[PDB]
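First comes the structure, then the notes that go with it.
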Amino acid sequence: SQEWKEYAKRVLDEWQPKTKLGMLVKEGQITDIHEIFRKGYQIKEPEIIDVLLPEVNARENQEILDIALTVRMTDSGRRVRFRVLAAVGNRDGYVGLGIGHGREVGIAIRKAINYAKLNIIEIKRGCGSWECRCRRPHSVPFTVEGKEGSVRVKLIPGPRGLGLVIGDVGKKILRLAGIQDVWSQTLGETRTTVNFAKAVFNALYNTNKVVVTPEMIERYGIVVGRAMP
RNA sequence: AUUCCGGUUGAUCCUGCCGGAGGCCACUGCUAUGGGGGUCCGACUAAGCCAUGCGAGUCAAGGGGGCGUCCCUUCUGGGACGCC
Ligand SMILES: [Mg+2]
Ligand SMILES: [Mg+2]
Ligand SMILES: [Mg+2]
Ligand SMILES: [Mg+2]
Ligand SMILES: [Zn+2]
């Protein structure tokens with residue numbers, strides 16, 4: 001944590017904002033990550049996340065989900081292009097997913113990491129399993145669903161210490177968001193990695209669309225964003 | 001662990017089947033130091049055919065006999081005892 005404080009301080013001083021939200025962050029009128037959500041702002045400068053969530057630059061908080069090469073046909077042969085699917089998170093409450101293209105692998109990786117920061121979202125965590133009622137944010141608070149392409153994903157709460165009972169892509173994405181235990185069910189073509197990742201991402205996002213009462217927050221130990229001990 | 005991964009195109013998304021990865025049972029290649037426990041070993045084809053030995057006896061306190069050893073007298077005998 002000590003490295004990232006000074007890293008954010010270094011980034012803040014030499015950064016020239018170009019947008020309104022960047023100006024708000026630069027002048028110190030916005031000081032917390034949670035204050036840029038749920039008000040319709042547009043996020044176009046990656047430095048905002050670097051200042052407010054510096055730990056997404058750690059090597060352990062980034063994941064290269066997949067790499068593919070695609071071909072365009074021309075009378076002078078085949079033109080090759082790289083597509084990279086990547087994800088980032090702070091392992092507490094925030095996660096982002098991105099896609100980048102480039103003529104060579106390094107450019108595509110850089111752009112994919114860059115776009116993941118701009119698509120960052122915050123989720124809700126809790127414990128809602130029938131056989132584990134512990135009020136601790138180690139799983140999803142209730143059953144959620146998502147879909148993309150032909151892939152349908154359903155996430156079910158699990159007991160503490162169970163593990164992530166899901167394919168590897170889902171494992172990585174859920175780990176980056178700070179979830180330890182879950183059950184799952186799927187339909188469709190999971191071997192299409194992009195759609196699988198997007199479906200898991202949408203299922204995580206849909207935790208904000210479920211109406212809840214103040215009693216439920218106490219009952220399931222629902223936490224929004226950072227756990228904040 | 002309420003799970004996926006490879007395969008149809010110059011490249012993409014689907015439907016759909018094949019293969020991989022797990023457990024148990026029967027036969028089998030190569031190779032093997034020790035102990036304990038258990039309801040394991042000619043069932044699948046032939047409920048096909050069988051040399052040899054064994055796998056159902058017991059009762060002397062139900063009854064007349066045979067044989068043997070002893071005691072009493074014994075010509076003769078009567079007892080007791082033990083086998084058949
Ligand atoms: Mg031409
Ligand atoms: Mg759609
Ligand atoms: Mg075809
Ligand atoms: Mg026979
Ligand atoms: Zn729990």
Side-chain angles (χ1 to χ4, degrees), chain A residues 34 60-61 66-83 85 87 89-95 101-103 121-146 148-196 198-229:
Chain A
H34 87 274
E60 315 83 12
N61 294 338
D66 84 338
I67 298 179
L69 69 160
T70 55
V71 173
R72 188 170 46 91
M73 201 78 167
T74 62
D75 58 62
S76 295
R78 295 173 167 84
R79 303 299 197 180
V80 182
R81 196 189 183 201
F82 285 95
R83 183 185 66 185
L85 172 70
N90 80 325
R91 288 181 186 261
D92 211 339
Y94 302 83
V95 65
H101 298 89
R103 201 194 312 104
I121 66 174
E122 77 172 6
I123 66 178
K124 297 181 174 180
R125 293 175 299 163
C127 178
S129 182
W130 274 267
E131 44 203 58
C132 173
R133 317 175 186 196
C134 60
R135 303 175 170 84
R136 290 145 74 165
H138 64 91
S139 180
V140 289
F142 30 75
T143 306
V144 283
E145 295 178 345
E148 182 68 62
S150 68
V151 180
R152 316 281 186 268
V153 169
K154 170 191 293 185
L155 300 176
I156 314 168
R160 201 168 76 252
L162 168 76
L164 299 171
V165 189
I166 194 179
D168 284 357
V169 188
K171 285 196 187 71
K172 298 171 181 177
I173 297 184
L174 291 186
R175 180 178 306 115
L176 281 182
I179 291 177
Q180 278 81 241
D181 315 302
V182 81
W183 275 310
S184 73
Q185 287 175 5
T186 57
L187 300 166
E189 183 62 76
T190 55
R191 287 178 295 190
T192 303
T193 305
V194 171
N195 290 345
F196 196 8
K198 287 189 178 189
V200 177
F201 195 69
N202 293 339
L204 281 184
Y205 183 86
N206 288 345
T207 44
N208 306 276
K209 298 184 178 182
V210 179
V211 188
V212 285
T213 63
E215 286 191 6
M216 295 186 172
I217 295 175
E218 149 72 22
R219 172 150 71 239
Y220 305 117
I222 299 181
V223 169
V224 184
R226 289 197 184 101
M228 290 185 58

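Counting convention: from 1, in listed order, for ligands and their atoms alike. Worth knowing before you read on, the calculation uses all heavy atoms, side chains too, and leaves out hydrogens, waters and symmetry mates. Here is how names work: the chains are called A, B, and so on, in the same order as the sequence lines, proteins then strands, and each is numbered from 1.
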Are A:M216 and A:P141 packed together at the side-chain level, in the sense that at least one heavy-atom pair is separated by less than 4.5 angstrom? no
min-distance N/O/S atom, A:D75 vs the Mg ion (ligand 1), resolves to OD2
Angle in degrees, rounded to 10°, that SG of A:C127 and SG of A:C134 form at the Zn ion (ligand 5): 100°
Hey, are the side chains of A:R160 and A:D181 touching, using non-hydrogen atoms and a 4.5 Å cut-off? yes
Please determine whether a side-chain nitrogen of the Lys or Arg among A:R175 and A:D168 lies less than 4.0 Å from a carboxylate oxygen of the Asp or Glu. no
Should the heavy atoms of other residues, nucleotides or ligands under 6.0 Å from CZ of A:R83 be counted, would the total exceed 12? no
The Zn ion (ligand 5) -> A:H138, closest N, O or S atom is NE2
